[PDB]
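These notes concern the structure reproduced below.
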Amino acid sequence: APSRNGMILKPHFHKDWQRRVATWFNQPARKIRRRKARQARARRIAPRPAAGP
Amino acid sequence: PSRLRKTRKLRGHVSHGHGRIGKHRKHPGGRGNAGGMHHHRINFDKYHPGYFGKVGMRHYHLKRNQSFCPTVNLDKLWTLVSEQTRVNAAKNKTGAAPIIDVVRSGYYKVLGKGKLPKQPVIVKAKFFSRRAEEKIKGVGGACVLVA
Amino acid sequence: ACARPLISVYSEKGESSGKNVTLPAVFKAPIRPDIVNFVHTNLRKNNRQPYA
Amino acid sequence: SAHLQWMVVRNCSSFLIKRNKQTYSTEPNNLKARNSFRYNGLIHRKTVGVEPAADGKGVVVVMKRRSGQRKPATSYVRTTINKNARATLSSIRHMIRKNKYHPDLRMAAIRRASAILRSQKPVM
Amino acid sequence: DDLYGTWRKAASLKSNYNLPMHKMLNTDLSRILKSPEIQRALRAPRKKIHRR
Amino acid sequence: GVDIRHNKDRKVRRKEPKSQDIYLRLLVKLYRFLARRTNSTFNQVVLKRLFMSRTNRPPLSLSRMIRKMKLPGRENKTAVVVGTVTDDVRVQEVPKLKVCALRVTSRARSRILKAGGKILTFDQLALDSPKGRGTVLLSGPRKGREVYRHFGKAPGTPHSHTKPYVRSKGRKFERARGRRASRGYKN
RNA sequence: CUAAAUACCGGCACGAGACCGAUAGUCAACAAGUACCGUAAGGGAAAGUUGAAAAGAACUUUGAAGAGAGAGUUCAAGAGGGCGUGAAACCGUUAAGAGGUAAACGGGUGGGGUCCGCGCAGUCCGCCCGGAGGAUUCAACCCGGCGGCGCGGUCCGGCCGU
RNA sequence: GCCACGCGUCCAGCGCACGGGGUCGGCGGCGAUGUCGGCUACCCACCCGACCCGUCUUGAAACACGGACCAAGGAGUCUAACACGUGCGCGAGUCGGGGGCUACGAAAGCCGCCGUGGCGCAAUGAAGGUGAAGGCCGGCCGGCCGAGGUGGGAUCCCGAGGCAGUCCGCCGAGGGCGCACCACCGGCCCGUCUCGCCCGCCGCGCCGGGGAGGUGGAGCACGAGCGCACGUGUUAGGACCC
RNA sequence: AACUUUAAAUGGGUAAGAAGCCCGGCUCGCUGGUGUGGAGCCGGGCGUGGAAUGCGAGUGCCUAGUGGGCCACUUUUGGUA
RNA sequence: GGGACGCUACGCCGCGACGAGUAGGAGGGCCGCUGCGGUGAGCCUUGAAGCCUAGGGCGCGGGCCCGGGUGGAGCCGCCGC
RNA sequence: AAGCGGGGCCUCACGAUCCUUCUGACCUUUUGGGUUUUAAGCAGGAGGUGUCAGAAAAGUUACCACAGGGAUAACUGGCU
């Protein structure tokens with residue numbers, strides 16, 4: 001039931017989307033994991049540049 | 001802030017702001033945009049004209065990269081180069097017109113919307129409008145095509 | 001403020017040292033407790049662990 | 001300034017207390033003990049403060065200088081008066097009116113000193 | 001002075017940041033209100049209580 | 001029994017600004033004294049506009065302020081804007097000006113002072129002209145917001161040009177039956 | 001054929017919480033997927049708290065005993081074994097009042113109880129007078145320190161300039 | 001009976017009070033083991049009034065439905081999208097949200113040569129595409145003026161006057177610049193319809209474009225958005241609960 | 001009531017000025033015996049504010065609930081009521 | 001040319017007019033519960049929370065503070081979330 | 001000739017989206033470019049939804065079921 005004035009909206013929530021919900025609480029922990037593996041790789045190739053070829 | 005919401009003032013009221021005759025049922029009018037050719041006809045015509053039907057040609061594999069042709073008006077033409085170049089252009093007695101490369105700043109077409117100050121320019125752009133050219137020639141400038 | 005004072009550096013025994021440093025213009029910034037309360041109550045929601 | 005800092009201390013201050021449909025402030029120089037712009041001891045550049053003496057006999061008069069405004073250790077100078085009741089009220093009246101030192105609170109200091117001397121009077 | 005700068009010089013460690021401007025300069029309106037310049041262009045104060 | 005209607009006996013207007021910032025309130029306190037003690041209506045427009053919401057006191061572009069001082073109160077005369085004074089990039093030459101505003105954008109302060117202008121705050125304006133003598137009060141385009149294009153007479157109605165609420169404009173986004181004379185009808 | 005960025009409500013070991021607090025939080029804080037039910041697939045509970053320490057009431061007496069009365073432990077049995085705090089519905093008993101239009105209620109009084117006012121001789125505070133007293137005592141000068149202001153008509157020198 | 005007190009020239013203090021809302025500079029008693037006071041809350045008596053709540057309903061005390069009593073629990077919540085309003089920071093810009101560098105800290109700060117990209121800054125047409133003022137002067141060219149007008153418009157400006165004689169400020173008949181905004185008439189951009197005169201090039205036509213008058217556009221005509229938060233309302237989600 | 005020459009009461013529009021009158025003059029590709037007619041532009045002169053009474057008006061967004069009604073005087077339809 | 005009060009300006013003061021209410025909407029709560037960041041040199045075994053109360057009271061009201069009893073270990077006021 | 005006529009002297013005799021068909025062009029796309037079929041577009045008509053602002057639609061239940069409705073019937077009581 002639309003109101004007086006507004007948009008026509010198509011919310012893509014007719015599937016069982018609540019089961020497939022990806023939270024992002026790993027993001028602060030992921031950044032540490034990316035940094036620690038990057039720092040560990042650099043010490044393995046200590047004379048070579050960290051970026052690579 | 002749930003303390004600032006309406007439900008804190010609705011405690012003790014039987015119908016909770018939804019009326020006693022027309023109770024707050026589940027879906028009285030149907031889910032979503034139901035009834036376009038039906039009981040919601042007036043709202044779909046008085047507020048969304050042109051919703052129902054097809055018009056135009058279909059285009060199967062459209063790439064938005066091909067249609068990228070950003071435009072810039074003659075208002076913000078001198079804003080592309082720094083203000084120092086504008087002062088020295090009118091200061092110079094030889095008449096050396098500075099070059100403003102439109103593609104360098106990230107635009108391809110030049111439109112003749114605005115007024116141009118009376119000092120010559122050299123405009124390098126991927127495309128030009130008809131009125132944009134005459135305004136540049138009216139000051140004594142040149143339009144240079146570049147790809 | 002037009003003129004800024006001269007803050008004196010203090011030693012480890014509480015006596016005033018001879019060195020003096022001009023007060024930074026940061027201490028002359030406008031005082032907006034509403035904005036500080038807006039930022040403080042919003043940044044405290046970021047160091048929060050979810051419960052469900 | 002005085003008006004700028006008042007708008008901050010008026011609600012979120014540690015010295016302010018509110019209960020029983022009343023509002024008070026426990027500032028060291030807030031004579032009359034009320035939360036107000038005139039009576040705030042910390043807000044203004046020039047402040048008059050009346051406190052009981054350390055030994056219980058007499059009154060100490062708090063005087064705030066205008067030199068070290070951001071130097072609270074030096075900004076306050078304290079003078080002790082341990083004379084008779086009439087002479088004590090004459091001195092506090094002289095320090096405020098004849099020095100033109102924030103003169104709207106001359107009688108308020110007189111009212112406070114008249115009760116502190118009465119408080120240390122021997123109880124019946 | 002290098003993390004936020006003064007009003008005539010931007011911060012050297014921030015990319016693009018300067019101290020915010022003041023909405024008003026003389027915040028002590030008590031000095032403003034009894035300043036002579038306003039005091040000429042004022043009407044006479046009416047403070048006689050006229051009850052019913 | 002009294003046969004009067006209490007439907008609109010309470011006038012709806014702002015008595016004090018809904019902002020909780022203390023610098024505006026000190027400026028409001030200054031102009032409440034000036035409204036009820038001076039006889040000028042300028043201190044009554046400024047005080048009324050200081051209460052107003054952000055959408056009610058639209059930013060004023062610099063080029064508009066140049067344009068209104070090309071037709072000024074006959075030249076030394078200051079400009080008083082309650083809103084924010086913004087910079088315009090499609091203006092070439094700027095004269096020296098006397099501008100009073102609550103806020104000025106950082107580029108506009110450099111542009112005005114480069115031409116020998118002067119920028120005053122509202123507490124400085126009272127010290128300069130307590131009664132608003134020799135002042136021009138300006139304002140930005142109140143209907144300049146994009147919101148007002150959606151307002152007014154509803155679309156799908158004859159001679160009722162009003163922007164509809166569409167997520168994205170295209171060939172298949174409200175160009176059909178309600179718009180096409182070939183398809184159904186048009187208005 | 002091939003690691004890395006990627007996923008991980010199972011498992012191992014962790015750390016943490018603006019989360020919930022025994023009708024909440026996992027069904028399960030406890031001999032919980034247990035007791036129990038259905039032929040079976042399966043369904044599926046209720047249930048935390050003495051005391052700091054049992055110091056868990058020795059001994060005497062009635063009763064066949066359950067149960068009591070003394071005595072004893074403890075800071076406290078008014079914490080005595082499903083025992084911390086022990087509300088309401090409900091019941092028993094004591095005190096007061098009342099009682100043929102079911103009971104109950106609003107307004108207005110009146111009477112009786114209940115404790116309280118710690119009321120039972122009803123206010124002090126200033127100014128002036130009187131006389132009895134008792135001081136190390138007033139004003140005015142000298143010395144030292146501190147503070148305020150100054151248009152010092154513009155003294156001198158510092159510091160800063162959104 | 002009188003809200004009438006002087007001369008010549010020309011045609012002020014003392015008291016009284018039907019007076020800007022009450023005072024007494026007036027009194028009498030009783031108060032230590034039986035007296036005073038105590039709205040309310042404990043109980044009881046009388047007069048008046050008085051049908052048991054919730055809900056559906058035009059209509060409830062109903063012979064309309066739920067309801068023995070008590071304790072605990074118990075029902076518009078969260079995510080996403082949008083619209084409007086408000087507050088904040090910046091401003092024709094705005095924003096890291098994704099990624100890197102430096103117990104609380106999974107925080108906070110920094111990196112725009114990490115702004116890629118989102119929104120806005122240009123629209124119109126199905127699309128090819130096109131894509132936002134003109135006037136004057138001199139002989140299609142060369143100079144000049146150069147960003148529409150009318151009415152209403154809060155505010156600001158001047159001063160005929162008036163508060164022997166100048167300055168300040170006051171107000172002032174009347175005269176103007178006119179903010180925002182409204183109504184109208186015009187002007188410009190795109191599509192469409194009609195009518196012409198023409199010019200021109202790197203490849204002279206079934207070519208390329210201009211002009212004039214109507215018409216359609218969610219356009220231009222000296223910006224206003226971006227980011228965050230709050231409230232309301234409509235939705236998709238279990239969606240106020242059974 | 002589905003006839004009407006007549007024809008009320010009640011009722012429904014409009015006007016009671018400053019955006020109104022009276023002049024003078026330009027423009028028009030509209031109309032043409034004729035600066036004919038019309039319209040639009042300007043400039044100027046007229047305030048006793050042109051009936052009574054009463055009252056501050058105008059305007060923009062968002063928006064819940066409602067969309068089962070009933071009764072009373074007068075008029076009136078169906079029906080014996 | 002030597003002197004009363006005041007003014008938490010989100011405060012104080014003076015005039016007049018008005019006060020119904022279902023659905024529904026809005027505003028104010030120094031009404032109430034729980035937890036978090038600040039804050040009260042806060043309360044507390046010389047007695048916290050909870051519970052009972054024929055007492056004293058306050059506020060129109062949501063409710064709140066003392067007096068008494070029980071209780072034995074935590075709890076509250078203000079500014080925001 | 002002034003004039004009248006873009007249907008019937010007037011008050012009535014008719015139809016959205018999508019799809020199909022026809023017509024109109026020195027019109028646009030058909031996808032990396034060119035030519036030609038074809039197909040998709042613009043505009044104007046037609047093919048109809050009579051439940052006529054427009055679903056594609058036969059019955060029975062005495063074996064019946066659910067949410068409801070005294071808004072609605074069979075019985076008593078009311079009005080006539």
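Taken in sequence, the protein lines are chains W, Y, G, H, S and A. So in the working numbering, the last one in the first sequence is 53, and the numbering has no gaps at all. So in the working numbering, the last one in the second sequence is 147, and the numbering has no gaps at all. So in the working numbering, the last one in the third sequence is 52, and the numbering has no gaps at all. So in the working numbering, the last one in the fourth sequence is 124, and the numbering has no gaps at all. So in the working numbering, the last one in the fifth sequence is 52, and the numbering has no gaps at all. So in the working numbering, the last one in the sixth sequence is 187, and the numbering has no gaps at all. Quick reminder that beta carbons are idealized off the backbone N, C-alpha and C, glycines included.
Exposed or buried, residue i, counting other C-beta atoms within 10 Å across all chains shown (16 or more means buried)?
i              : result
residue 113(A) : exposed
residue 45(Y)  : buried
residue 100(A) : buried
residue 35(G)  : exposed
residue 11(H)  : exposed
residue 223(A) : This structure cannot settle anything about residue 223(A), because the visible part of chain A is limited to 1 through 187.
residue 42(A)  : buried
residue 17(H)  : exposed
residue 49(S)  : exposed
Rounded to whole angstroms, what's the CA-CA distance from residue i to residue j? Just pull it up for me.
i              : j              : result
residue 115(Y) : residue 124(Y) : 18 Å
residue 7(H)   : residue 23(H)  : 16 Å
residue 77(A)  : residue 1(G)   : 27 Å
residue 109(H) : residue 39(H)  : 11 Å
residue 20(G)  : residue 12(G)  : 15 Å
residue 25(Y)  : residue 17(Y)  : 13 Å
residue 41(Y)  : residue 150(A) : 21 Å
residue 47(Y)  : residue 153(A) : 10 Å
residue 71(Y)  : residue 112(Y) : 10 Å
residue 121(A) : residue 97(A)  : 14 Å
residue 53(G)  : residue 13(H)  : Chain G is shown from 1 up to 52; residue 53(G) falls before or after that span and cannot be answered.
residue 132(A) : residue 47(S)  : 26 Å
residue 7(W)   : residue 27(A)  : 42 Å
residue 2(S)   : residue 9(S)   : 9 Å
residue 35(A)  : residue 30(G)  : 26 Å
Just to check my reading of the structure: residue i and residue j have Cβ atoms closer than 8 Å, yes? What is that Cβ distance to the nearest angstrom?
i              : j              : result
residue 61(H)  : residue 81(H)  : 6 Å
residue 23(G)  : residue 44(G)  : Actually they do not touch by this definition, with Cβ atoms about 31 Å apart.
residue 26(S)  : residue 123(A) : 5 Å
residue 99(Y)  : residue 77(Y)  : So it is not a contact: roughly 12 Å between Cβ atoms.
residue 49(Y)  : residue 72(A)  : No, residue 49(Y) and residue 72(A) are not in contact; Cβ-Cβ is about 46 Å, not under 8 Å.
residue 125(H) : residue 112(H) : With chain H running from 1 to 124 in the structure shown, residue 125(H) is simply not present.
residue 31(A)  : residue 47(A)  : 4 Å
residue 75(H)  : residue 57(H)  : Actually they do not touch by this definition, with Cβ atoms about 27 Å apart.
Please list the partners that residue i has in chain W, where partner means a Cβ-to-Cβ separation under 7 Å.
i             : result
residue 29(Y) : 1
What residues of chain S sit near residue i, judged by a beta carbon separation below 9 Å?
i             : result
residue 26(G) : 1, 3, 4, 5, 6 and 19
Residue i versus chain W: which residues are under 9 Å apart at the beta carbon?
i              : result
residue 165(A) : 5, 6, 7 and 8
I want to verify the contact list: residues of chain H whose CB lies under 9 Å from the CB of residue i, in sequence order.
i             : result
residue 25(S) : Near residue 25(S) there are no residues of chain H at all, since even the closest Cβ is about 10 Å away, more than 9 Å.
residue 31(G) : 4, 5, 7 and 8
Kindly list, in the order they appear in chain H, the residues whose Cβ is closer than 7 Å to that of residue i.
i             : result
residue 29(S) : 3
Uninterrupted beta strand (DSSP E) stretches inside the segment 16 to 46 of chain H (no shorter than 3 residues): Annotation note: the segment 16 to 46 of chain H contains the following uninterrupted beta strand (DSSP E) runs of length 3 or greater, listed N- to C-terminal: 16 to 19 and 22 to 25.
Length at least 3, wholly inside the segment 70 to 112 of chain A: the beta strand (DSSP E) runs in chain order: Listed in chain order, the beta strand (DSSP E) elements of length 3 or more contained wholly in the segment 70 to 112 of chain A are 78 to 84 and 98 to 103.
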